[PDB]
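What follows is a short report on a single structure.
There are 2 protein chains.
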Amino acid sequence: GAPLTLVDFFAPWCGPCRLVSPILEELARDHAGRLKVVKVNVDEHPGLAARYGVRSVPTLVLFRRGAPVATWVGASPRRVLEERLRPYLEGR
Amino acid sequence: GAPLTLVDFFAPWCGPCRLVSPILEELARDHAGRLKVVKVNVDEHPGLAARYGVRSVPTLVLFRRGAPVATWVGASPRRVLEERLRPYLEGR
Ligand SMILES: [Mg+2]
Ligand SMILES: [Mg+2]
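As they're listed, the protein sequences go chains A and B.
Residue numbers for the first sequence follow full-length UniProt numbering, so the first one is 49 and each next one is one higher.
Residue numbers for the second sequence follow full-length UniProt numbering, so the first one is 49 and each next one is one higher.
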């Protein structure tokens with residue numbers, strides 16, 4: 049399968065981001081062979097956030113072959129995130 | 049449930065967009081009470097495409113409460129699109 053990288057755009061002053069980040073790390077750990085998770089502090093790298101259209105946090109962007117294939121805005125429960133990622137994890 | 053609007057950013061010179069557009073219209077028809085689909089020709093409205101970070105077509109952007117909540121890049125089979133939308137259609 050093509051490698052997948054989930055980028056977690058967050059800010060230190062964001063409450064919901066606090067919820068999501070450990071869920072994402074658990075996910076990466078649980079699907080280590082197929083999924084890499086990287087956190088990007090939007091206040092540390094605003095140009096990067098702008099390059100990928102991040103206008104609020106948390107924003108999760110899934111990359112395949114070095115380009116975004118999906119972007120989800122806002123925090124969501126573990127179950128919801130698992131299900132969004134599953135088709136990509138089970139796909140080519 | 050909050051109304052949902054799926055925006056289909058396409059271009060007349062895009063092959064895959066030809067596949068996706070009728071699938072999206074079938075979806076809207078099939079979930080008429082909860083989902084509205086709008087097509088935006090990126091060559092007709094480049095400012096709009098840029099506002100929502102559209103860099104390739106087709107790009108599908110789901111709006112809830114007037115703001116994007118999810119964005120999927122590229123064409124996908126009917127089954128895959130149905131499943132991406134289902135949680136939002138079944139959610140608040
Ligand atoms: Mg899992
Ligand atoms: Mg349907």
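Think of the CB as a built atom: it goes at the ideal place given N, C-alpha and C, for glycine as much as any other residue.
- The beta-bridge partner set that DSSP reports for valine 109 of chain A consists of A:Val55, A:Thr119.
- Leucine 75 of chain A has its CB nearer than 7 Å to a heavy atom of ligand 1.
- With 16 or more neighbouring CB atoms inside 10 Å of its own CB, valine 68 of chain A falls in the buried class.
- If you draw a straight line from the Cα of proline 60 of chain A to the Cα of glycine 63 of chain B, it is about 42 Å long.
- Short note on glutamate 138 of chain B: C-beta not closer than 7 Å to any heavy atom of ligand 2.
- The C-beta of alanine 80 of chain B has fewer than 16 other C-beta atoms within 10 Å across all chains shown, which makes the residue exposed.
- Looking from the CA of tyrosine 100 of chain A, the closest CA among A:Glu74, A:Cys65, A:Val117 belongs to A:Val117.
- Contact annotation: in the segment 125-140 of chain A, residues whose CB is within less than 7 Å of a CB in chain B are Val128, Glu131, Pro135.
- DSSP, reduced to helix, strand and coil, places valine 90 of chain A outside both helices and strands of the structure shown, so it counts as coil.
- For ligand 2, no non-hydrogen atom lies closer than 7 Å to the CB of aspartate 56 of chain B.
- Cα atoms of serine 124 of chain B and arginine 66 of chain B: separation of roughly 12 Å, rounded to the nearest angstrom.
- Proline 106 of chain B counts as buried, since at least 16 other C-beta atoms from the protein chains shown sit within 10 angstroms of its C-beta.
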